[PDB]
Amino acid sequence: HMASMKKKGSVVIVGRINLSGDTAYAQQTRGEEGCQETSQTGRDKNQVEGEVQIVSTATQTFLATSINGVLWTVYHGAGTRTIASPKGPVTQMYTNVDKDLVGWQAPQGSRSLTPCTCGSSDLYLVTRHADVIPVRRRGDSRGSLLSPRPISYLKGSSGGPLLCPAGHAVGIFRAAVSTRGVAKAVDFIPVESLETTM
Ligand SMILES: COc1ccc2nc(C)c(O[C@@H]3C[C@H]4C(=O)N[C@]5(C(=O)NS(=O)(=O)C6(C)CC6)C[C@H]5/C=C\CCCCC[C@H](NC(=O)[C@@H](NC(C)=O)C(C)(C)C)C(=O)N4C3)nc2c1
Ligand SMILES: [Zn+2]
């Protein structure tokens, strides 16, 4: 009945992939209990840093990547959810189910990647475990792993970046292409689609 209808919680930043130095590594900034509470209130006063965030809802965890002042992620992770922020929940400024893409204004303190203009096909995928995986671009939205891995290795990394050798953003990781459970290729949202969506 109408009186009892519930509200879905916000997406919550729970950590980041640290790429600032010589070694990439995941950092957690909020535990599961505090995540649950923050999703309900939508109020997150934690300091945000970096380009690649680890994000969670009550039921899923994945990544989000700042490019040109927008924190981007996948619709299959975030749906239409707000993101928690210091002043309460923030509505998406981009939503495109056809591209599996959503975006919010980038949090204060985040740093943004620059869209790639290199035209290079030697890419790097950053996972939620801070693995930096070489990927050869094979089309507008496809790349092959130089070393295939079980899909388990990639699960939870949608919303993460594919980068060029210079560290520019080339795309947002969307889906794995698997045969017999092995990811030989990845599907990604090209940065040009983001730049157009914008
Ligand atoms: C609800 O509205 C929408 C709108 C658009 C949309 N567009 C889509 C393309 C879409 O894809 C679905 C989600 C996406 C996915 O799991 N992504 C992540 C990830 O990590 N997620 S996650 O864990 O962070 C999560 C779950 C918390 C968020 C990167 C992969 C990591 C590991 C792979 C695990 C096995 C799944 C293999 C799927 N791959 C295939 O189905 C391909 N087929 C074969 C045979 O290979 C292809 C892609 C069909 C060729 C696949 O990757 N999937 C299915 N869903 C949607 C929904
Ligand atoms: Zn580049």
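Just so you know, PDB author numbering puts 1083 at position 102 of the sequence shown, and the rest follows in order with no gaps.
Think of the CB as a built atom: it goes at the ideal place given N, C-alpha and C, for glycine as much as any other residue.
Sub-9 Å separation of residue i and residue j beta-carbons
| i | j | result |
| --- | --- | --- |
| residue 1093 | residue 1048 | yes |
| residue 1144 | residue 1104 | yes |
| residue 1027 | residue 994 | yes |
| residue 1168 | residue 1117 | no |
| residue 1055 | residue 1043 | yes |
| residue 1130 | residue 1166 | no |
| residue 1154 | residue 1141 | yes |
| residue 1052 | residue 1091 | yes |
| residue 1171 | residue 1152 | yes |
| residue 1073 | residue 1058 | no |
| residue 1088 | residue 1023 | no |
| residue 1045 | residue 1097 | no |
| residue 1086 | residue 1137 | no |
| residue 1177 | residue 1084 | no |
Inter-residue spacing [alpha-carbon to alpha-carbon] between residue i and residue j
| i | j | result |
| --- | --- | --- |
| residue 945 | residue 1076 | No answer is possible for residue 945: it lies beyond the span of the chain, which begins at 982 and ends at 1179. |
| residue 1146 | residue 1033 | 17 Å |
| residue 1013 | residue 996 | 11 Å |
| residue 991 | residue 1064 | 5 Å |
| residue 1066 | residue 1174 | 26 Å |
| residue 1139 | residue 1156 | 7 Å |
| residue 1031 | residue 1011 | 15 Å |
| residue 1060 | residue 1109 | 20 Å |
| residue 987 | residue 1037 | 19 Å |
| residue 1160 | residue 1080 | 23 Å |
Spatial neighbours of residue i in its chain, beta-carbon cut-off 6 Å, leaving aside the 5 residues before and after
| i | result |
| --- | --- |
| residue 1120 | none |
Any non-hydrogen atom of ligand 1 within 8 Å of residue i CB
| i | result |
| --- | --- |
| residue 1124 | no |
| residue 1111 | no |
| residue 1140 | yes |
| residue 989 | no |
| residue 1159 | yes |
| residue 1042 | yes |
Heavy atom of ligand 2 within 8 Å of residue i beta-carbon
| i | result |
| --- | --- |
| residue 1177 | no |
Contacting residues, own chain, Cβ-Cβ under 7 Å from residue i (five flanking each side not counted)
| i | result |
| --- | --- |
| residue 1115 | 1105 and 1127 |
| residue 1039 | 990, 1017 and 1020 |
| residue 1113 | 1005, 1105 and 1107 |
Neighbourhood of residue i by C-beta distance below 8 Å, restricted to the same chain and skipping five residues each side
| i | result |
| --- | --- |
| residue 1006 | 998, 999 and 1111 |
| residue 1099 | 1145, 1146, 1147 and 1149 |
Distance cut 5 Å, beta-carbon to ligand 2 heavy atom: residue list by chain order: 1097, 1099, 1145, 1147 and 1149
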